[PDB]
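# Inside the fold
Residues per chain, in single letters:
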10 protein chains.
Amino acid sequence: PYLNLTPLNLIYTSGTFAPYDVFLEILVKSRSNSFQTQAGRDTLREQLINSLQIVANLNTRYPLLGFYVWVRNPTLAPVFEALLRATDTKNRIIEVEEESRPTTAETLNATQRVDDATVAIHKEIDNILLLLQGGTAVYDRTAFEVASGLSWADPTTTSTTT
Amino acid sequence: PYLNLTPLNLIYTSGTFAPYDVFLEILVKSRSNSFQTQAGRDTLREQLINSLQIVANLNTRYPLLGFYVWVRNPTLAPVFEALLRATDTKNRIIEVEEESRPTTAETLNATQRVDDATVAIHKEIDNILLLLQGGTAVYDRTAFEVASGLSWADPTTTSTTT
Amino acid sequence: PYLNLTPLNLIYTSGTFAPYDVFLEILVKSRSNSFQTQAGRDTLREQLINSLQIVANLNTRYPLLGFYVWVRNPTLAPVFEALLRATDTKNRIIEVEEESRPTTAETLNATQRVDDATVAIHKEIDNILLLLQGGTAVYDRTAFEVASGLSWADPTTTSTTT
Amino acid sequence: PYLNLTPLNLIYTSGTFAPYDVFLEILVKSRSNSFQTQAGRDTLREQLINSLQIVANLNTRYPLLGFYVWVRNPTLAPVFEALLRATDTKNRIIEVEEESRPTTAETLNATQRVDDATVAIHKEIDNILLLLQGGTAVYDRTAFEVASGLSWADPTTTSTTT
Amino acid sequence: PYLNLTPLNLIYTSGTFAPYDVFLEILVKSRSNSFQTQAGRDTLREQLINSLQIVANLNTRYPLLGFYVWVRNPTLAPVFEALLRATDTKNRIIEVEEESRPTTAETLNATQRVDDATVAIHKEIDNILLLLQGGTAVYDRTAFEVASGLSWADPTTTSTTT
Amino acid sequence: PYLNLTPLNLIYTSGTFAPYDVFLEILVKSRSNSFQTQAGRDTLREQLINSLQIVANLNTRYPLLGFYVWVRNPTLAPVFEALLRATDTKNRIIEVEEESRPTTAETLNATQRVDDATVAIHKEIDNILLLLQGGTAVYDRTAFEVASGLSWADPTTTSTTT
Amino acid sequence: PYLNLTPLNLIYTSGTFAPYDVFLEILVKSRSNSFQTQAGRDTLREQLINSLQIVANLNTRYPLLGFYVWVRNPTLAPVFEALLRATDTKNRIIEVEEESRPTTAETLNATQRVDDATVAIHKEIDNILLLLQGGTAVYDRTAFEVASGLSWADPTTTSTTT
Amino acid sequence: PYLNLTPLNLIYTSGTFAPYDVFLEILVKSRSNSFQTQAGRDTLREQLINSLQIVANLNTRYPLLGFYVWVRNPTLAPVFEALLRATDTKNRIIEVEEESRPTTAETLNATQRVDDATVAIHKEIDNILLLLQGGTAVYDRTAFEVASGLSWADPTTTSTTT
Amino acid sequence: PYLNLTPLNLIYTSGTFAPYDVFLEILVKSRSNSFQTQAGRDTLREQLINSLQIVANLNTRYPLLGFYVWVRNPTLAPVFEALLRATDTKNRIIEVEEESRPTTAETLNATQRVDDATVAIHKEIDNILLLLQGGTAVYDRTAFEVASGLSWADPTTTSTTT
Amino acid sequence: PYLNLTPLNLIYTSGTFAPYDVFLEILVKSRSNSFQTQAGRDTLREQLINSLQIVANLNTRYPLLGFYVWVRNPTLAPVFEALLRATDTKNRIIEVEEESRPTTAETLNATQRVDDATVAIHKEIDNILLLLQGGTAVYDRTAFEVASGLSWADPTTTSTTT
């Protein structure tokens, strides 16, 4: 039984991980569009939140030839956790009708701040395309149990050593 | 009978606790959306208030291999108790109709302050994603009775020691 | 006699459960239509309320090889309980006749708010298609009695152990 | 003779109670419809007022293995007593005929306020689906006589102890 | 008996799959029309929902030389699940008669927003024509049991190895 | 004596069933006409209500090689039970005579709403042609007693095992 | 002598009951027609009022292997008691003659409200087809005397125990 | 005995098939007329519903050199099943007499919507003339048992191999 | 047996191809008209979608002296896939009658945007008339198996070498 | 088996590559238009994102006579990754109608900033037309395994040396 130590373990054991090449290219070919559109920005999330879940938990273990990426991270974490938040604030206001209510930027929102939050998607992609472009967080399995400390139990020595 | 001492105990015995991995990921995959929408912000609460209830009370006890998180907390408490409040003030005003009443931000609310309270959800998630990313409040059971002081009664020594 | 403990048990014992793969696909192939139509939105309910009933009660028990889903839930509950409510508010007004009363959106309702509540069906489907896309609430049987605490009675040890 | 003490007792002895699982699911499978319709909202009442009557009175008593729910309650009461009132104000005006009088929302009521009172049914269901989702008011019998104080009379000690 | 592991398996075992070349061309030769028409947009669904069903379940298995596509997916899922929703909101209003009620876009809907939702069909087709244009989700069989983890049972070693 | 358990059994034992291929094609070759005509819509019912009766009751049993369809169903039920109702509301008004009273849609009904209820027959046929196009409700016999739970009595072990 | 206790008993002892499978299918194969017609709606009543009479009274008792349904009910009652009333208000006006008086919906009733009360029959059938589709009110006999409390008299212990 | 497997088989075994070249040309030389006329549109059905029946069932098999077309289909199905419905809604109103009641489109139907449903026949013919113009659904026999999975029984190996 | 490799092959093997000189001139002599007309724009599609189908599949191969064009393409693809979409959005509104409803561009659509989408047909023709005017995607056969990688099987060396 | 070393390799093995002459000329003959138009700028992406995918992965290798370009690059990367982002921010605002809402640059956006983002497409093309005009990133195959370090496995020495 791979284990979950003490006050430090009940973190990086859970959704601090999941894949590798997913978001990687899913950061280059995700720019194959636009971020503005309730399509681009918004829909992003899950293509990447469909990639960070309870893998390598206690009643199981971390991957032989199954190295992977990490979330909760001093390199990554504040970039991961950062992007998410600027690809979803770019309005909901389309004062349209039969004749679009012309007053969007004639007396209402801070309109241009859309033009500001337009890019924060385009952006955080390469900060992490790069931080991650150099082996950060990532590791085989041997380094999981290690860079977290969580000790695996069960003497599988005869036909499956430990 | 696990007990509830004196003027100090009738606190951390009740809803100062409940789970672990719930809100954790329920803080990462909760950002898998938007917070703006009466959906995102509002609905949040209970997904996390459905996780802080009368567990480990007097006429019962605190978990063998059942460690967990804590609310009333000098790290957590003022972040826990803080988030809740900024994911629910972002209006109720949709002066719409057949032609939306155009005057939302043409003479009425402080409109932009929505854009201010937009984020306080996105936000308090990582303050606690982090404070909690390092074993705070959390503990096995042995540390509950301890970090609260509440003494358990009943000599289960023969077949269930204490 | 599987049992129903004390003030905590008379909840998750009753309609906090029922199936698995039902609504799952009944969330993908339910979008095989439209939600607008008094057909789509409305009729939905029961296809999913015909899936959450007094199973695993006191005078009975929870399933050997019969794992299943859960309702009252900090992940699920506020999404389950949420969808239901936006697939049934999209009018009743069809001011028609021999010549349709033209005044639907010429002086009457907030018409566009139909266009707003149009989607809340399409929507809540994937929040839970996802929350549920990762094993939440769900469990074999061993975890029911557990994640609720309700202790089963009757020493079936000889030919049906416990 | 179970009794009814003094100025405090002539309350929680009467219709402050009745069942358990009734309204519970009768809150989930009651949303299996719509609340708008003079059907949904209105008809609700009794399905739940057919569940709060003179049980456990003076010339009788409160249930051995017969625990149940409570009305007059600092958790429940103002939610119980609250719902009832917003599932019955959504008009009576259907200015119809052979040609519907088109003027419903062209010069008459506050029409949209129907759209406001539409939901207060959908709503109060989960506030109490939840408050009640955690053992509130509820209790075996031993706790009735207690959390009210009403002392039971008659020494049934030989074959029915007290 | 191919199996369905634990809280993670009761997902990608069911309608997370079905075919390959179906929708592929059914995305190019589906544009051989128009999407506007209650024909185009609407009828689409099933031509593609008639392609994602309980294949490779527990009491059966996943295809020898039978590789195929996948739904619940961090690349695909939020594009799959996305398209469906914008090919079905483009009205129901054809205020016609003997003389068409001229007021469609003279005082009523947000008319142009049809012109907005006109294209979301044309659209999501290539996002996935592309994401899928490069081997995503897809896999032989060997990779199913793998990229899900679900372990197959039954020693068919003599004449059907495993 | 196949049996009828307790408060749950006195349902799916009775007219929750009957055949298979009946309505199936009786849904494709039933469209071999028109639904409008007091012929089409109306006459439908029984061709399908002549297919859902007390089969597999208590004092009898459910079919060896006799698998079949089901009514009361979270997939089917609200589609089955749904169709029936829109193939029978399309008037009774044929203000005809020697000279047809011309005023049908000149000052009377909501005429066009016939044109609305014209199709609800054509319609619900494929929702269930499809839901049912993938093995739903249906099952051999072994799964009846199961997916309902109703336990069969009588040890026919010698020459007819159980 | 089965008995009829005190102010509570002179209710559920009388026509709060009668059968089971009657109306059940008599709700599915009752839709095998139309509800509009002075036939459908009206004639309904008794097919179901010929199923709720003085059975299980005082000078008699409630059924050994004779479980059955119930009327006065917080689930059922307000649905039972509800249907009855909307299958009988759909006119009496057939201003016909040799030439039908054309003025039915040219200056007279609220004509369309027939089209409104057309369906309330079709309707209340499934609310109760469902509430009842899950064992509500229903019970063997043991639960009658119980869920009402009415105590049976007469020591039939030798050859007919009690 | 060719067989009919389990919950998946009792579909594509029955009227999901029948011929080839029938409707094909019966789609080109069917346009050799007009669709408007109660002749054209209406009479169509059976010329094509006289081509989709219980062929290749269980107690029989699927054609050696007898390849053919298919109905229930993600390409075809929603086009097949689609056409049928728009070649039969184009009225029944011919307010004629000795002098035709002139009021057809002077105050009555939505007249032009006939001109709309005029073409839906002309139409769906080529969508499927094309989808089908490229080998879809169709197959020899070897591919039936396959693309459905239904396993044939009976070792005809000596003089009729399998 | 020409083959279909692994996750990369199940793309460019299918409708990524078909002809050469078809659309080429079918781009010059297709401008021999007008694009505006429900004729020009709309009808285009298939003249070119009747030119991109399952040719060179697995159980077959790619053309000796049979070179041809390609769809899924970094030059072509986003131009191919692009044109299709702007030759089909130019209305459906011809508010005509006996006197054309004059209000087309007097209060309704964005009329001029027709004049905008008028040309997108005329247009995308030369982008690809040109990209394609220089040998792009195109290739003999030797380059298919190559620029895709899909390896052909079967040693036809004696009388048909490989 | 060409390999994927350790924390450094799980980068330049994946979409850090694909072609050569593609974008090259696809940078000169891409300027054969305009960049402004939702055509030019937007559609660009994929013509170049249809050129950077999982080629030379682990379970495969890098090209004999198959040299090619690279993305993740200190020359290229921040130019590649840069262009993409300025060919997609140039509005969505065409406040047009029957009379174009004249207020585009009369009180609304920062209009001229379109004129600023007009060119960033025209631009980044030559920075990389040049950086790339001199052999950067590019290399045969021998230099891939090298300038990344990823060691290839499998002694193909006899008939395919290594």
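Before reading on, note that the structure itself is shown above.
Residue positions are given from 1 per chain in written sequence order; they need not agree with the entry numbering, and residues without coordinates are hidden. Following the order in which they are written, the chains are lettered starting with A and the ligands numbered starting with 1. Because the shown chains make up only part of a larger assembly, each value pertains to the shown part and nothing beyond it. To get the side-chain values, take all heavy atoms of the structure and skip hydrogens and water.

Labels follow the DSSP assignment, with helices taken as runs of H or I lasting at least four residues and strands as runs of E lasting at least two, numbered in each case from the N terminus. Within chain A one finds 7 helices and 0 strands. For chain A, the succession of helices and strands along the chain, N to C, is α-α-α-α-α-α-α. Its C-alpha radius of gyration of 21 Å places chain A more than 25% over the 15 Å reference for a compact globule of 162 residues. Taken over the C-alpha atoms alone, chain A extends approximately 75 × 30 × 25 Å along its principal axes. C-alpha atoms define the radius of gyration in this analysis, and the globule rule sets the expected value at 2.2 Å times the number of residues to the power 0.38.

Below, the discussion takes up the interface of chain B and chain A. In this complex, chain B contributes 38 residues to the contact, which on the side of chain A involves 30 residues. Buried area is a sum: the accessible area each of two parts loses on coming together, probed at 1.4 Å, counted once for each and added. Both faces combined, the contact of chain B with chain A buries some 2,900 Å², and carbon together with sulfur accounts for 52% of it. The largest per-residue losses of area from chain B upon contact with chain A belong to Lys 29, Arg 31 and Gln 133 of chain B, which jointly make up 20% of the total buried on that side. Every case where a carboxyl oxygen of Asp or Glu lies within 4 Å of a side-chain nitrogen of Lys or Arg is listed as a salt bridge. Summed over the shared surface of chain B and chain A, the number is 0 salt bridges. As used in this structure description, the phrase polar contact means that two N or O atoms lie within 3.5 Å; if the pair is within protein, one of them must be able to donate a hydrogen and the other to accept it, and residues adjacent in sequence are counted only when both atoms belong to side chains. For the pair chain B and chain A, the number of links is 12 residue pairs in polar contact. The element contributing the most residues to the side of chain B that touches chain A is helix α5 (residues 120-131) of chain B, with 7 residues. In terms of residue class, the side of chain B that touches chain A is made up of 13 nonpolar, 15 polar and 10 charged. Throughout, a residue-residue contact means that at least one pair of heavy atoms, one from each residue, lies within 4.5 Å. In this count, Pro and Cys sit with the nonpolar residues alongside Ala, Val, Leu, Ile, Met, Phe, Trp and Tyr, while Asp, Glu, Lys and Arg are called charged and the others, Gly among them, polar.

Before going further, it helps to examine the side chain of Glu 124 of chain I. Its place among the elements puts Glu 124 of chain I in helix α5 (residues 120-131). Other than its neighbours up to four places away in sequence, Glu 124 of chain I contacts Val 79, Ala 82 and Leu 83 of chain I.

Moving on, we come to the packing of aromatic side chains. Note on aromatic pairs: the rings of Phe, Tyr and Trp (six-membered ring only in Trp) are paired at centre separations within 6.5 Å, and the planes decide the class, stacked below 30 degrees, edge-to-face beyond 60, tilted for the rest. A complete count under the given rule lists 120 aromatic pairs over all chains for this structure. Between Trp 70 of chain C and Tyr 139 of chain C, the ring centres sit 4.3 Å apart and the planes meet at 45°, which makes this aromatic pair tilted. Of this pair, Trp 70 of chain C sits in the loop between α2 (40-49) and α3 (77-83) while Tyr 139 of chain C sits in the loop between α5 (120-131) and α6 (144-148); the two residues are 69 residues apart in sequence, bridging distant segments of the chain. On the accessibility criterion, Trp 70 of chain C (3% relative accessible area) is buried. Centroid distance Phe 17 of chain E to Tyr 62 of chain E: 6.4 Å. Interplanar angle 10°. Geometry classified as stacked. Of this pair, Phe 17 of chain E sits in the segment before α1 (21-28) while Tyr 62 of chain E sits in the loop between α2 (40-49) and α3 (77-83), and the two are 45 residues apart along the sequence. For the residue pair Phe 17 of chain E and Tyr 62 of chain E, the accessibility class agrees, reading buried in each case. Here the aromatic cluster, defined as three or more aromatic residues joined through ring pairs, consists of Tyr 2, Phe 17, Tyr 62, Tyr 68, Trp 70, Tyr 139 and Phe 144 of chain A. Charge-over-ring placement is defined geometrically: NZ (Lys) or CZ (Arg) within 6 Å of the ring centre, and within 35 degrees of the ring normal. Of note, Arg 61 of chain A hangs over the ring of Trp 152 of chain A, and the distance from its end group to the ring centre comes to 4.7 Å. Throughout this description, buried means an accessible area under 20% of the type-specific maximum (1.4 Å probe, protein chains only), exposed means over 50%, and partly exposed covers the range between.

Between copies, superposition is a least-squares fit restricted to the C-alpha atoms. Expressed as a screw transformation, the operator carrying chain B onto chain A has a rotation angle of 22° and an axial translation of 1.4 Å, and the superposed copies differ by an RMSD of 0.0 Å. Little of the interface of chain B is mirrored in chain A, where only 3% of its interface residues are also at the interface.

Next up on the list: the interface of chain D and chain G. On the side of chain G, 19 residues touch chain D, which itself brings 14 residues to the contact. At the boundary of chain D with chain G, total buried surface from both sides reaches about 1,100 Å², with 50% on carbon and sulfur atoms. Of all residues in chain D, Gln 47, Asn 50 and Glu 98 of chain D bury the most surface against chain G, accounting for 49% of the area lost on that side. At the junction of chain D with chain G, the criterion picks out 0 salt bridges. Where chain D packs against chain G, one counts 7 residue pairs in polar contact. It is helix α2 (residues 40-49) of chain D that contributes the most residues to the side of chain D that touches chain G, 4 residues altogether. Here the residues of the side of chain D that touches chain G are counted per class, giving 4 nonpolar, 6 polar and 4 charged.

The next thing to look at is the pattern of salt bridges. Going through the model one piece at a time under the given rule, you end up with 40 salt bridges over all chains. Between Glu 95 of chain I and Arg 101 of chain I there is a salt bridge, with its nearest N and O atoms 2.9 Å apart. There is no split in this pair, since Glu 95 of chain I and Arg 101 of chain I are both buried. Residues joined in a network through salt bridges with shared partners are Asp 42, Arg 45 and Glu 46 of chain A.

Right, let's get into the nonpolar core. Residues and elements named next belong to chain C. Note on terminology: a nonpolar core comprises buried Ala, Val, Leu, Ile, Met, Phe, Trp, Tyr and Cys residues joined through side-chain atoms within 4.5 Å. Grouped together as the largest cluster of nonpolar side chains are 38 residues, with contacts concentrated most on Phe 23, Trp 70 and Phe 144. Every element with two or more residues in this core is listed here: α1 (21-28), α2, α3 and α5. Excluding residues within four positions of it along the chain, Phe 23 makes contact with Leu 48, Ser 51 and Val 69.

Examined against the element boundaries, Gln 47 of chain B turns out to sit in helix α2 (residues 40-49). Judged by relative accessible area, which is 9%, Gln 47 of chain B ranks as buried. Of the polar contacts made by the side chain of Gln 47 of chain B, one reaches the backbone oxygen of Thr 75 of chain C; its length is 3.3 Å. Leave out the neighbours within four places in its chain, and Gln 47 of chain B touches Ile 26 of chain B together with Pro 74, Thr 75, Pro 78 and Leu 131 of chain C.

Its location among the elements puts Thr 136 of chain B in the loop between α5 and α6 (144-148). There is a polar contact of 3.2 Å between the side chain of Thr 136 of chain B and the backbone oxygen of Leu 131 of chain B.

It is worth spelling out the environment of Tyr 12 of chain E at this point. Residues and elements named next belong to chain E. By the element assignment, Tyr 12 lies in the segment before α1. Along the sequence, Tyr 12 and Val 22 sit 10 residues apart, while their C-alpha atoms lie 20 Å from each other. Setting aside anything within four residues of it in sequence, one finds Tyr 12 in contact with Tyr 2, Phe 144, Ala 147, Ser 148 and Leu 150. Of the polar contacts made by the side chain of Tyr 12, one reaches the backbone oxygen of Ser 148; its length is 2.5 Å.

Kept free of each other, chain B and chain F leave a smallest C-alpha distance of 24 Å between them. Separated in space, chain F and chain J share no contact, their closest pair of C-alpha atoms being 31 Å apart.

Quick look at helix α2 (residues 40-49) of chain H now. Residues spaced three or four apart along an α-helix face the same direction, because each turn holds 3.6 residues. Judged by how many residues are buried, α2 of chain H sits mostly within the fold: 7 of 10 residues are covered. All buried positions along α2 of chain H are accounted for by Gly 40, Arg 41, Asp 42, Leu 44, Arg 45, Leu 48 and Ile 49 of chain H. Packed against the buried residues of α2 of chain H are α1 (21-28) of chain F together with α1 (21-28) and α5 (120-131) of chain H.

A positive phi angle is found at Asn 9 of chain F, which is not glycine, with a value near 160°. Tracing the backbone shows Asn 9 of chain F in the segment before α1.

A few words now on a negative patch on the surface. Side chains of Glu 97, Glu 98 and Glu 99 of chain F, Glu 97, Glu 98 and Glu 99 of chain G together with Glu 97, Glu 98 and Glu 99 of chain H sit close together on the surface and give a patch of like negative charge. Among the structural elements, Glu 99 of chain H can be located in the loop between α3 (77-83) and α4 (112-117). In this structure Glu 99 of chain H comes out as exposed when scored by relative accessible area, which is 56%. Two joining distances apply to patches: 9 Å for like charges and 5 Å for nonpolar side chains (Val, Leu, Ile, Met, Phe, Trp, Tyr), and every residue must have over 30% relative accessible area and no salt bridge. Note that accessible areas follow from Shrake-Rupley with a 1.4 Å probe, and for residues the cover is restricted to the protein chains shown. For the purpose of charge, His is not counted, nor are the chain termini; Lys and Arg are scored as positive and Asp and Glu as negative. Note that the charge is assigned to NZ on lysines, CZ on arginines, CG on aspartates and CD on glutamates.

Turning our eyes to something else, we now look at the environment of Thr 107 of chain C. Along the polypeptide, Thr 107 of chain C turns up in the loop between α3 and α4 (112-117). Under the relative-accessibility criterion, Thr 107 of chain C is labelled partly exposed at 33%. The contact partners of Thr 107 of chain C, leaving out residues within four places of it in the chain, are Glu 98 of chain B together with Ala 105 and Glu 106 of chain D. A distance of 3.4 Å separates the side chain of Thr 107 of chain C from the side chain of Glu 106 of chain D, its partner in a polar contact.

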